Amino acid sequence: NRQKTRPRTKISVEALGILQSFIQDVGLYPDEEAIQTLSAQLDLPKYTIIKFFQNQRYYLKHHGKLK
């Protein structure tokens, strides 16, 4: 008797905030140790990190405008 909310999916809010900052600080080129640490810290799988950075890597390439 209640359907007005759905569980969070595709990286949590806390994970996105830290992940986004990682790119602004470090960049779009993580390492094996970076994923192992981030995956354990953010509590997210390994593939989730590769897809995240990999996807964003095209965002800057394709789209030619920031902000």
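Coordinate-derived values only; no laboratory data. For neighbour counting, all protein chains shown are included, and Cβ atoms are generated from backbone atoms with ideal geometry for every residue, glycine included.
Computed values, structure above
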{"item": "Matching residues, the stretch 17-53, being part of a helix (DSSP H, G or I) and closer than 22 Å to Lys67 by Cβ", "result": "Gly17, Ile18, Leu19, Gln20, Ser21, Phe22, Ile23, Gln24, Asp25, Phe52, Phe53"}
{"item": "Residues that are of a type in the set (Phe, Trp, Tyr) and outside any helix (DSSP H, G or I), drawn from the stretch 54-65", "result": "none"}
{"item": "Unmet criterion (only one of (1) part of a helix (DSSP H, G or I); (2) under 10 Å from the mean Cα position of the chain (by Cα); (3) not aromatic (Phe, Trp, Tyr)) for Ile11", "result": "(1)"}
{"item": "Any hit, the stretch 18-41, residues being among the acidic types (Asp, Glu) and surrounded by 10 or more Cβ atoms within 10 Å (Cβ to Cβ)", "result": "no"}
{"item": "Subset of the stretch 42-63 that is of a type in the set (D, E, K, R) and touching a residue at least 24 places away in the same chain (Cβ under 8 Å) - its residue that is surrounded by the most Cβ atoms within 10 Å (Cβ to Cβ)", "result": "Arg57"}
